[PDB]
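# Structural overview
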Amino acid sequence: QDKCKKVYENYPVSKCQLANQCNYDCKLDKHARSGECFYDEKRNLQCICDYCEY
Ligand code: NA
């Protein structure tokens, strides 16, 4: 799979900082298996949904 992960674009950064938010919104809003917040190389937080793994 080349497309396991995918940013949730314009996802609130404030929500990214809080437990469960990105994970459950990824599941709720995108039907994804999971999500997590990570920085990127420009050092800003993003919510990355994962469609392969829980
Ligand atoms: Na969490």
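Residues numbered from 1 in each chain as written, not as in the entry; some residues may be left out. Heavy atoms only, no water. Residues with missing side-chain atoms left out of burial classes, pairs and counts.

Worth spelling out the cut-off: UniProt positions are given in the numbering used here, feature names are shortened, and annotations may be inferred rather than shown by experiment.
As named in the PDB entry, the protein chain is Defensin-like protein, taken from Pentadiplandra brazzeana. For the protein chain, the Subunit comment in UniProt is given as "Monomer." Under the Subcellular location heading, UniProt states for the protein chain: "Secreted".

## Considering the state of the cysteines
The criterion, for reference: When two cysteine sulfur atoms lie within 2.5 Å, the pair is treated as a disulfide. Secondary structure is summarised from DSSP: a helix means a run of H or I of at least four residues, a strand means a run of E of at least two, and numbering begins at the N terminus for each. For each residue, the accessible area found with a 1.4 Å probe, counting protein chains only, is set against the maximum for its type, and the residue is called buried under 20%, exposed over 50%, and partly exposed in between.
Taken as a whole and assessed by the stated rule, the structure comprises four disulfides. Across the disulfide from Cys-22 sits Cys-47; the S-S distance is 2.0 Å. Given an S-S torsion of about 90°, the disulfide between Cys-22 and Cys-47 has right-handed geometry. Pair noted here: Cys-22 is in helix α2 (residues 21–30) and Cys-47 is in strand β3 (residues 45–50), with a separation of 25 residues, a long-range link. Pair check on accessibility: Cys-22 and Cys-47 agree, each one buried. In the protein chain, the bonded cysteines, numbered by position in the sequence, are linked as 1-8, 2-5, 3-6, 4-7.

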